[PDB]
$ cat protein07.txt   # compact mmCIF, C-alpha atoms
# COMPACT_ATOMS: atom_id res chain seq x y z
CA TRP X 1 125.38 81.32 89.47
CA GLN X 2 124.87 80.68 93.19
CA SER X 3 124.61 84.37 94.01
CA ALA X 4 122.05 84.87 91.24
CA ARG X 5 120.01 81.94 92.49
CA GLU X 6 120.02 83.46 95.99
CA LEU X 7 118.97 86.85 94.59
CA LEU X 8 116.10 85.31 92.65
CA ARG X 9 115.11 83.49 95.83
CA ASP X 10 115.01 86.72 97.82
CA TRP X 11 113.56 89.06 95.19
CA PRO X 12 110.12 87.40 95.05
CA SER X 13 110.06 87.70 98.83
CA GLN X 14 111.04 91.34 98.45
CA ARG X 15 108.24 91.76 95.93
CA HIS X 16 105.88 89.77 98.15
CA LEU X 17 106.52 91.91 101.24
CA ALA X 18 106.92 95.30 99.54
CA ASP X 19 103.14 95.57 99.23
CA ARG X 20 102.88 95.42 103.03
CA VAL X 21 104.39 98.90 103.46
CA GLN X 22 101.03 100.64 103.18
CA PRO X 23 99.11 98.15 105.35
CA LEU X 24 102.07 98.53 107.67
CA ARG X 25 101.75 102.31 107.47
CA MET X 26 98.17 102.41 108.72
CA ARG X 27 99.10 99.64 111.14
CA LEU X 28 101.80 101.76 112.76
CA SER X 29 99.64 104.88 112.72
CA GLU X 30 96.93 103.02 114.64
CA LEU X 31 99.47 101.29 116.89
CA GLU X 32 101.25 104.52 117.79
CA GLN X 33 97.94 106.26 118.45
CA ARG X 34 97.11 103.34 120.72
CA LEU X 35 100.44 103.69 122.52
CA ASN X 36 99.73 107.40 122.88
CA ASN X 37 96.46 106.45 124.54
CA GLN X 38 98.28 103.90 126.71
CA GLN X 39 100.85 106.48 127.80
CA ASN X 40 98.06 108.95 128.54
CA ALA X 41 96.18 106.36 130.59
CA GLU X 42 99.35 105.42 132.48
CA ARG X 43 100.18 109.05 133.20
CA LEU X 44 96.64 109.84 134.36
CA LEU X 45 96.57 106.69 136.48
CA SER X 46 99.78 107.68 138.25
CA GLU X 47 98.45 111.24 138.52
CA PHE X 48 95.41 110.10 140.47
CA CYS X 49 97.21 107.37 142.46
CA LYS X 50 98.56 110.08 144.77
CA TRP O 1 108.02 73.55 82.49
CA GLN O 2 105.94 76.73 82.72
CA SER O 3 103.71 75.30 85.42
CA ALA O 4 106.81 74.27 87.36
CA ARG O 5 108.28 77.75 87.10
CA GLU O 6 104.99 79.18 88.34
CA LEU O 7 104.88 76.71 91.23
CA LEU O 8 108.41 77.51 92.36
CA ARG O 9 107.56 81.20 92.10
CA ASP O 10 104.61 80.48 94.39
CA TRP O 11 106.68 78.57 96.95
CA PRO O 12 108.56 81.69 98.17
CA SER O 13 105.31 83.59 98.65
CA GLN O 14 103.62 80.50 100.07
CA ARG O 15 106.16 80.08 102.84
CA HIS O 16 106.55 83.79 103.53
CA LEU O 17 102.83 84.34 103.99
CA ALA O 18 102.28 81.05 105.83
CA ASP O 19 104.83 82.34 108.33
CA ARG O 20 102.53 85.26 109.12
CA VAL O 21 99.67 83.13 110.51
CA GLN O 22 100.30 83.43 114.24
CA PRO O 23 101.11 87.17 114.30
CA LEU O 24 97.88 87.57 112.40
CA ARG O 25 96.07 85.40 114.95
CA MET O 26 96.76 87.81 117.79
CA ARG O 27 95.81 90.73 115.56
CA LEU O 28 92.52 89.00 114.74
CA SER O 29 91.85 88.37 118.42
CA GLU O 30 92.60 92.00 119.29
CA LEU O 31 90.45 93.35 116.48
CA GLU O 32 87.72 90.98 117.64
CA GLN O 33 87.68 92.45 121.13
CA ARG O 34 87.67 95.85 119.47
CA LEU O 35 84.51 94.95 117.58
CA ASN O 36 82.96 93.34 120.64
CA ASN O 37 83.46 96.56 122.57
CA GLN O 38 82.09 98.51 119.61
CA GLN O 39 78.90 96.46 119.71
CA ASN O 40 78.74 96.78 123.49
CA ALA O 41 79.06 100.57 123.37
CA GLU O 42 76.65 100.82 120.44
CA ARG O 43 74.07 98.77 122.29
CA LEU O 44 74.45 100.56 125.62
CA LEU O 45 74.09 103.82 123.73
CA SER O 46 70.93 102.57 122.04
CA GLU O 47 69.23 101.32 125.20
CA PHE O 48 70.05 104.52 127.08
CA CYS O 49 68.97 106.78 124.22
CA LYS O 50 65.71 104.84 124.17
CA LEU W 1 103.47 97.19 126.92
CA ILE W 2 103.39 95.53 123.49
CA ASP W 3 105.91 98.07 122.17
CA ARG W 4 105.49 96.49 118.74
CA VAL W 5 105.61 99.90 117.03
CA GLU W 6 109.37 99.42 117.02
CA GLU W 7 108.80 96.05 115.35
CA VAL W 8 106.31 97.50 112.87
CA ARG W 9 108.77 100.28 112.08
CA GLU W 10 111.55 97.76 111.45
CA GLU W 11 109.13 95.93 109.17
CA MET W 12 108.48 99.24 107.41
CA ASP W 13 112.20 99.82 106.99
CA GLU W 14 112.60 96.34 105.52
CA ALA W 15 109.57 96.52 103.22
CA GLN W 16 110.38 100.03 102.00
CA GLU W 17 113.99 98.99 101.39
CA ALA W 18 112.68 95.97 99.49
CA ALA W 19 110.50 98.22 97.34
CA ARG W 20 113.42 100.60 96.80
CA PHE W 21 115.70 97.72 95.78
CA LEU W 22 112.97 96.39 93.49
CA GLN W 23 112.89 99.78 91.81
CA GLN W 24 116.70 99.90 91.80
CA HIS W 25 117.28 96.50 90.17
CA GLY W 26 113.84 95.33 89.07
CA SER W 27 114.90 95.56 85.44
CA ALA W 28 118.22 93.80 86.02
CA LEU W 29 116.55 90.96 87.91
CA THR W 30 113.83 90.57 85.28
CA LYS W 31 116.42 90.48 82.49
CA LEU W 32 118.43 87.96 84.50
CA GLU W 33 115.62 85.59 85.45
CA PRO W 34 114.74 83.98 82.06
CA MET W 35 118.35 82.98 81.31
CA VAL W 36 119.96 82.43 84.71
CA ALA W 37 121.37 78.98 83.95
CA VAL W 38 124.14 80.43 81.77
CA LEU W 39 125.98 81.58 84.90
CA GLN W 40 126.84 77.93 85.57
CA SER W 41 128.77 77.73 82.25
CA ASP W 42 131.86 79.92 81.82
CA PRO W 43 133.36 79.88 78.28
CA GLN W 44 136.77 78.42 79.16
CA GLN W 45 135.08 76.17 81.69
CA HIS W 46 132.98 74.98 78.76
CA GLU W 47 136.15 73.58 77.16
CA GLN W 48 137.38 72.11 80.43
CA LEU W 49 133.84 70.74 80.74
$ encode --input "protein07.txt" --output "structure tokens"
Amino acid sequence: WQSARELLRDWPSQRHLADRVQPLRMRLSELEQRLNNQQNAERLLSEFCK
Amino acid sequence: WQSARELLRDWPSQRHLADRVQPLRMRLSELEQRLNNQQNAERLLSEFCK
Amino acid sequence: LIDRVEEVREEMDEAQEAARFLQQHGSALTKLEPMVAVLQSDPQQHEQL
């Protein structure tokens, strides 16, 4: 009984947050592109610094 | 009874998504500067190209 | 140095695992949810009850 109640507590949250995978997917694509830009900027900055 | 079951189904989602406010706040701020810069660039482009 | 891509990727792992578990046991959970209360009553425990 207690286990089942816990599962039925979690499962709606699982269902609630499953939909976020795709918004997360584009989110991480954009975020990683941004970090790529940040790394490029950092590298170029250091490159000129000298 | 049915309304109660619906409400307690909502409560998981309610709390889960209410938890996401602040992380969303910084995202909104960031995206806002993004738009601001978009408008700035778009303008500057327009005035130069005129 | 936000480095949140690690965080977003962990969120992806969690959400994709949640979707996979939903697929894995969605039917079992749905068939369990309308009649959960029975788990509190075990036949012999019904007599002891």
$ interface_residues --input "protein07.txt" --of "chain W" --to "chain X" --cutoff "10 Å" --atoms "all atoms listed in the file" --output "PyMOL selection string"
chain W and resi 1-9+11-22+25-26+29-30+32-33+36-41
$ calpha_fit_and_write --input "protein07.txt" --fixed "chain O" --moving "chain X" --output "mmCIF file with C-alpha atoms, in the frame of the given file"
data_model
loop_
_atom_site.group_PDB
_atom_site.id
_atom_site.type_symbol
_atom_site.label_atom_id
_atom_site.label_comp_id
_atom_site.auth_asym_id
_atom_site.auth_seq_id
_atom_site.Cartn_x
_atom_site.Cartn_y
_atom_site.Cartn_z
ATOM 1 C CA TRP X 1 108.082 73.525 82.775
ATOM 2 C CA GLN X 2 105.736 76.524 82.866
ATOM 3 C CA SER X 3 103.623 75.061 85.651
ATOM 4 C CA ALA X 4 106.736 74.327 87.712
ATOM 5 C CA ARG X 5 108.001 77.855 87.201
ATOM 6 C CA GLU X 6 104.642 79.206 88.406
ATOM 7 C CA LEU X 7 104.739 76.909 91.450
ATOM 8 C CA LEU X 8 108.244 78.034 92.356
ATOM 9 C CA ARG X 9 107.050 81.614 91.948
ATOM 10 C CA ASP X 10 104.162 81.078 94.351
ATOM 11 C CA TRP X 11 105.849 78.806 96.899
ATOM 12 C CA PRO X 12 108.287 81.440 98.212
ATOM 13 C CA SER X 13 105.275 83.706 98.634
ATOM 14 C CA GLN X 14 103.528 80.869 100.439
ATOM 15 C CA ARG X 15 106.596 80.464 102.628
ATOM 16 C CA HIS X 16 106.856 84.235 103.043
ATOM 17 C CA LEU X 17 103.248 84.645 104.208
ATOM 18 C CA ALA X 18 102.897 81.410 106.197
ATOM 19 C CA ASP X 19 104.787 83.002 109.086
ATOM 20 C CA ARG X 20 102.049 85.642 109.341
ATOM 21 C CA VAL X 21 99.500 83.141 110.690
ATOM 22 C CA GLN X 22 100.532 83.693 114.299
ATOM 23 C CA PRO X 23 100.842 87.492 114.049
ATOM 24 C CA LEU X 24 97.506 87.228 112.291
ATOM 25 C CA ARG X 25 96.168 85.095 115.135
ATOM 26 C CA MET X 26 96.838 87.676 117.833
ATOM 27 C CA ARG X 27 95.743 90.329 115.352
ATOM 28 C CA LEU X 28 92.312 88.754 114.956
ATOM 29 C CA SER X 29 91.998 88.049 118.672
ATOM 30 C CA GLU X 30 92.596 91.734 119.415
ATOM 31 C CA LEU X 31 90.428 92.853 116.491
ATOM 32 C CA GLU X 32 87.499 90.656 117.494
ATOM 33 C CA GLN X 33 87.784 91.780 121.110
ATOM 34 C CA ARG X 34 87.694 95.330 119.782
ATOM 35 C CA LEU X 35 84.598 94.562 117.714
ATOM 36 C CA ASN X 36 83.042 93.026 120.815
ATOM 37 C CA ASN X 37 83.707 96.311 122.580
ATOM 38 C CA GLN X 38 82.293 98.221 119.601
ATOM 39 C CA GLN X 39 79.130 96.111 119.594
ATOM 40 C CA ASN X 40 78.794 96.600 123.346
ATOM 41 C CA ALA X 41 79.220 100.360 122.992
ATOM 42 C CA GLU X 42 76.691 100.472 120.147
ATOM 43 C CA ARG X 43 74.171 98.419 122.103
ATOM 44 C CA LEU X 44 74.592 100.526 125.247
ATOM 45 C CA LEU X 45 74.361 103.721 123.207
ATOM 46 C CA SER X 46 71.067 102.628 121.667
ATOM 47 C CA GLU X 47 69.935 101.440 125.106
ATOM 48 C CA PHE X 48 70.352 104.901 126.587
ATOM 49 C CA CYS X 49 69.164 106.809 123.489
ATOM 50 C CA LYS X 50 65.577 106.030 124.504
#
$ atom_distance --input "protein07.txt" --atom1 "CA of residue 46 in chain O" --atom2 "CA of residue 40 in chain X"
28.6 Å
$ atom_distance --input "protein07.txt" --atom1 "CA of residue 42 in chain O" --atom2 "CA of residue 48 in chain X"
29.0 Å
$ closest_residue --input "protein07.txt" --among "O:9, O:43, O:37, O:49" --to "chain X" --atoms "all atoms listed in the file"
O:9
$ decode --input "protein07.txt" --residues "range 5-44 of chain W" --atoms "N, CA and C atoms" --output "mmCIF file, in the first residue's frame"
data_model
loop_
_atom_site.group_PDB
_atom_site.id
_atom_site.type_symbol
_atom_site.label_atom_id
_atom_site.label_comp_id
_atom_site.auth_asym_id
_atom_site.auth_seq_id
_atom_site.Cartn_x
_atom_site.Cartn_y
_atom_site.Cartn_z
ATOM 1 N N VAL W 5 24.887 23.373 -18.795
ATOM 2 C CA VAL W 5 24.646 22.299 -19.755
ATOM 3 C C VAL W 5 24.744 20.946 -19.072
ATOM 4 N N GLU W 6 25.639 20.821 -18.095
ATOM 5 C CA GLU W 6 25.668 19.610 -17.289
ATOM 6 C C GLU W 6 24.343 19.432 -16.568
ATOM 7 N N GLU W 7 23.839 20.516 -15.983
ATOM 8 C CA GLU W 7 22.568 20.471 -15.274
ATOM 9 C C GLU W 7 21.425 20.138 -16.224
ATOM 10 N N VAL W 8 21.403 20.785 -17.390
ATOM 11 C CA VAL W 8 20.350 20.520 -18.363
ATOM 12 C C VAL W 8 20.423 19.079 -18.841
ATOM 13 N N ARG W 9 21.635 18.546 -18.978
ATOM 14 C CA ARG W 9 21.794 17.163 -19.405
ATOM 15 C C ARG W 9 21.332 16.192 -18.327
ATOM 16 N N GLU W 10 21.592 16.505 -17.059
ATOM 17 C CA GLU W 10 21.046 15.681 -15.987
ATOM 18 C C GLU W 10 19.526 15.730 -16.004
ATOM 19 N N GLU W 11 18.967 16.915 -16.246
ATOM 20 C CA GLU W 11 17.521 17.047 -16.363
ATOM 21 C C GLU W 11 16.998 16.221 -17.527
ATOM 22 N N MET W 12 17.736 16.201 -18.634
ATOM 23 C CA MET W 12 17.370 15.357 -19.762
ATOM 24 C C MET W 12 17.385 13.894 -19.373
ATOM 25 N N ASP W 13 18.451 13.462 -18.706
ATOM 26 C CA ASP W 13 18.520 12.079 -18.262
ATOM 27 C C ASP W 13 17.304 11.738 -17.421
ATOM 28 N N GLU W 14 16.986 12.597 -16.454
ATOM 29 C CA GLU W 14 15.850 12.342 -15.578
ATOM 30 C C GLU W 14 14.542 12.306 -16.356
ATOM 31 N N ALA W 15 14.318 13.288 -17.227
ATOM 32 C CA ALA W 15 13.034 13.383 -17.911
ATOM 33 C C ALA W 15 12.867 12.261 -18.924
ATOM 34 N N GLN W 16 13.949 11.895 -19.608
ATOM 35 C CA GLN W 16 13.906 10.785 -20.547
ATOM 36 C C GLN W 16 13.715 9.465 -19.818
ATOM 37 N N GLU W 17 14.354 9.305 -18.658
ATOM 38 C CA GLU W 17 14.122 8.121 -17.844
ATOM 39 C C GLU W 17 12.685 8.075 -17.350
ATOM 40 N N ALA W 18 12.126 9.230 -16.994
ATOM 41 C CA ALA W 18 10.734 9.284 -16.569
ATOM 42 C C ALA W 18 9.807 8.872 -17.701
ATOM 43 N N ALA W 19 10.071 9.366 -18.912
ATOM 44 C CA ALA W 19 9.269 8.964 -20.061
ATOM 45 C C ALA W 19 9.414 7.473 -20.336
ATOM 46 N N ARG W 20 10.641 6.962 -20.254
ATOM 47 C CA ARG W 20 10.880 5.542 -20.470
ATOM 48 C C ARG W 20 10.175 4.691 -19.423
ATOM 49 N N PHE W 21 10.205 5.109 -18.159
ATOM 50 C CA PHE W 21 9.489 4.375 -17.121
ATOM 51 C C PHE W 21 7.982 4.478 -17.311
ATOM 52 N N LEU W 22 7.495 5.638 -17.752
ATOM 53 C CA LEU W 22 6.080 5.779 -18.071
ATOM 54 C C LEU W 22 5.672 4.777 -19.136
ATOM 55 N N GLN W 23 6.481 4.663 -20.185
ATOM 56 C CA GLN W 23 6.223 3.667 -21.213
ATOM 57 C C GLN W 23 6.300 2.262 -20.627
ATOM 58 N N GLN W 24 7.275 2.037 -19.746
ATOM 59 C CA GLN W 24 7.532 0.710 -19.200
ATOM 60 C C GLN W 24 6.376 0.223 -18.336
ATOM 61 N N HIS W 25 5.826 1.101 -17.499
ATOM 62 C CA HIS W 25 4.825 0.724 -16.508
ATOM 63 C C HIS W 25 3.614 1.647 -16.538
ATOM 64 N N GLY W 26 3.422 2.392 -17.626
ATOM 65 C CA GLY W 26 2.239 3.228 -17.723
ATOM 66 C C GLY W 26 0.962 2.426 -17.560
ATOM 67 N N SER W 27 0.890 1.272 -18.226
ATOM 68 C CA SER W 27 -0.298 0.432 -18.125
ATOM 69 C C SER W 27 -0.486 -0.102 -16.711
ATOM 70 N N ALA W 28 0.593 -0.569 -16.081
ATOM 71 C CA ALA W 28 0.474 -1.123 -14.738
ATOM 72 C C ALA W 28 0.009 -0.058 -13.756
ATOM 73 N N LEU W 29 0.573 1.145 -13.861
ATOM 74 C CA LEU W 29 0.183 2.230 -12.970
ATOM 75 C C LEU W 29 -1.266 2.638 -13.196
ATOM 76 N N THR W 30 -1.689 2.712 -14.457
ATOM 77 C CA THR W 30 -3.070 3.078 -14.750
ATOM 78 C C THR W 30 -4.040 2.026 -14.233
ATOM 79 N N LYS W 31 -3.687 0.747 -14.363
ATOM 80 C CA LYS W 31 -4.555 -0.310 -13.859
ATOM 81 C C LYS W 31 -4.516 -0.384 -12.340
ATOM 82 N N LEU W 32 -3.459 0.145 -11.730
ATOM 83 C CA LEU W 32 -3.369 0.165 -10.277
ATOM 84 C C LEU W 32 -4.138 1.337 -9.674
ATOM 85 N N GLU W 33 -4.158 2.481 -10.358
ATOM 86 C CA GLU W 33 -4.613 3.713 -9.719
ATOM 87 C C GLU W 33 -6.092 3.739 -9.334
ATOM 88 N N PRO W 34 -7.027 3.095 -10.047
ATOM 89 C CA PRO W 34 -8.441 3.243 -9.668
ATOM 90 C C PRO W 34 -8.843 2.407 -8.467
ATOM 91 N N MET W 35 -8.003 1.470 -8.048
ATOM 92 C CA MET W 35 -8.315 0.478 -7.029
ATOM 93 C C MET W 35 -7.136 0.259 -6.087
ATOM 94 N N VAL W 36 -6.436 1.343 -5.747
ATOM 95 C CA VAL W 36 -5.222 1.236 -4.944
ATOM 96 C C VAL W 36 -5.548 0.795 -3.524
ATOM 97 N N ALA W 37 -6.688 1.238 -2.988
ATOM 98 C CA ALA W 37 -6.959 1.077 -1.563
ATOM 99 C C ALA W 37 -6.906 -0.381 -1.128
ATOM 100 N N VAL W 38 -7.131 -1.316 -2.053
ATOM 101 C CA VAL W 38 -7.174 -2.726 -1.680
ATOM 102 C C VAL W 38 -5.865 -3.158 -1.035
ATOM 103 N N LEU W 39 -4.749 -2.536 -1.421
ATOM 104 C CA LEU W 39 -3.453 -2.934 -0.883
ATOM 105 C C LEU W 39 -3.396 -2.817 0.631
ATOM 106 N N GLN W 40 -4.243 -1.981 1.226
ATOM 107 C CA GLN W 40 -4.289 -1.850 2.673
ATOM 108 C C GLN W 40 -4.981 -3.025 3.352
ATOM 109 N N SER W 41 -5.667 -3.885 2.600
ATOM 110 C CA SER W 41 -6.467 -4.971 3.161
ATOM 111 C C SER W 41 -5.993 -6.297 2.582
ATOM 112 N N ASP W 42 -5.295 -7.074 3.396
ATOM 113 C CA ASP W 42 -4.799 -8.390 3.020
ATOM 114 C C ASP W 42 -5.748 -9.462 3.545
ATOM 115 N N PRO W 43 -6.192 -10.414 2.698
ATOM 116 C CA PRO W 43 -7.242 -11.362 3.102
ATOM 117 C C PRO W 43 -7.199 -11.884 4.533
ATOM 118 N N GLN W 44 -6.090 -12.478 4.973
ATOM 119 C CA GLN W 44 -6.040 -12.947 6.356
ATOM 120 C C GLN W 44 -6.133 -11.771 7.316
#
